[PDB]
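Each of the two blocks below gives one form of the same protein chain as structure tokens; they are labelled structure 1 and structure 2.
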Structure 1
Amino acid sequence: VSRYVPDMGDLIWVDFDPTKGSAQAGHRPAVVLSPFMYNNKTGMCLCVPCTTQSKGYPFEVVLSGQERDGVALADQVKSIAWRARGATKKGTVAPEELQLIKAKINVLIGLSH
């Protein structure tokens, strides 16, 4: 058995506990921003929190789901010890959604712009 390794664009549950089921009351999922190679080597990844509680704040990025919608909180990027904390895959964000999250971070930090 090999542990799941988070890949760029993946929507993951962090701190997964098999006792609150598919809902995970009290948790946020997260969009993975960093590449597989980095994630695999370090046991860490860069990711942004998600929530269904949209407020329409400037750094929100709408995640359009089949199931329902939510937002990535793009300003709140964090380095996460996925391997140590136990991550599971919930889904994958669309290419456009990932692009938009990165664009907003780029604005906030000022990287290429």
Structure 2
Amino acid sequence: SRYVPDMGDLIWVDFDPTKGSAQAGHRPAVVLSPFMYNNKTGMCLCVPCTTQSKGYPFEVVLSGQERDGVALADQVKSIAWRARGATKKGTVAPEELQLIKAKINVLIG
């Protein structure tokens, strides 16, 4: 019984050791794609989170989580969740997932 991400999961992935980031491991993300796709492909679409808001319009506030952070809705990316050590830390509020998706929807159409 290994974890497979589902939509709305707040996940931590290991930082990418090839990027040369000064920040330690653990990059938080919100999973957008559904379990069936994630499970059959080993990939998922997700948006990265940051603890520090800057007041940019695609930021979505995530409340109630262990820490206060924001999802960056415009920064959608496909990740190989297996290879990135995805671990579920929590779930975002349905209103928060919905808002992330709405912003992306408007951006892509």
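Quick note, the numbers are simply positions in structure 1, starting from 1. Throughout, rigid core stands for the largest set of C-alpha atoms superposing within 1.5 Å between the two forms.
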Kindly check if the Cα atom of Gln24 is displaced 2 angstroms or more between the two structures relative to the superposed rigid core. yes
Superposing on the rigid core, does the Cα of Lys41 end up 2 Å or more away between the two structures? no
Is there a C-alpha shift of 2 Å or more at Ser79 between the two structures once the rigid core is superposed? no
Hey, core superposed, how many Å does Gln99 shift at the CA between the two structures? 0.3
On a rigid core superposition, how far has the CA of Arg68 moved between the two structures, in Å, if you could check? 3.5
